[PDB]
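In PDB author numbering, the protein residues as written are 1 to 194.
#1: Is residue 140 near residue 120, with beta carbons less than 8 Å apart?
#2: Please report the distance separating the alpha-carbon of residue 74 from that of residue 8.
#3: Using 8 Å for Cβ pairs, my map puts residue 157 next to residue 144. What's the rounded Cβ distance?
#4: If you reduce the DSSP assignment to three classes, tell me which class residue 23 lands in.
#5: Can you check whether the CB of residue 28 is closer than 8 Å to the CB of residue 60?
#6: Looking at the unbroken beta strand (DSSP E) that takes in residue 159, where does it start and where does it end?
#7: Using the beta-carbon count (16 or more within 10 Å), is residue 115 buried or exposed?
#8: Can the beta-carbon of residue 32 be found less than 8 Å from the beta-carbon of residue 88?
#9: So the alpha helix (DSSP H) residue 181 belongs to, where does it begin and stop?
#10: Which residues in the same chain have their Cβ closer than 8 Å to the Cβ of residue 137, if we skip the five residues on either side of it in sequence?
#11: Tell me the DSSP secondary structure of residue 191 in three-state form.
#12: Quick check on the DSSP output: the beta strand (DSSP E) that includes residue 167 runs from which residue to which?
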């Protein structure tokens, strides 16, 4: 599939402060860049949008590019690529901002999903005007890793599905597409009510 990831992740944080290779193992880059690599090695067409080059060293960047990941710095160019748009914002600082930036540019029937735990209805309500009136084809969901992407113990992804009280923020096809994306990289998908 064509996947767009927004945010490579500050790799220094993972290495200096969090000591991920020592505590959980695996190998940098982690997070969004780690997801991009794993997706690409699974045969997916991956574009990673990152405005700040300094998020990782040249050696780590080469690692990303060696996986087949196309790296851009313009979110709008990334917006026109993916049928799935993964907002890697574990701190949820710019989640709503990126979504607002890319929503009018994403191709028909594309999916926008966050990796953090901002509720899908919240993400939807921030874009309700556009999603109801101009982009009814766009699905809103989640791609939330239980652990740190790139770590061997990261096995689960939580996907926001149809709400308990009926509201569908994405089609069943769109949700199924996310489910198979998770399994394509040997991970376990888990669909929850939005």
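Note that the Cβ used here is the ideal one computed from N, Cα and C, for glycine as well.
Taking the definition as stated:
#1: A contact, by the Cβ cut-off of 8 Å.
#2: In this structure, the alpha-carbon of residue 74 lies about 13 Å from that of residue 8.
#3: Residue 157 to residue 144, Cβ: 6 Å. Contact.
#4: Here residue 23 sits in helix by DSSP.
#5: Contact: yes.
#6: First-last of the beta strand (DSSP E) with residue 159: 156–161.
#7: Around the beta-carbon of residue 115, 16 or more other beta-carbon atoms lie within 10 Å, marking it buried.
#8: Cβ atoms of residue 32 and residue 88: closer than 8 Å.
#9: Counting along the chain, the alpha helix (DSSP H) containing residue 181 begins and ends at 172–184.
#10: If we look at residue 137 and ignore the five residues flanking it on each side, its Cβ neighbours are 108, 109 and 110.
#11: In the three-state reduction of the DSSP assignment, residue 191 falls in the strand class.
#12: Residue 167 -> no beta strand (DSSP E), and no H or E assigned at all.
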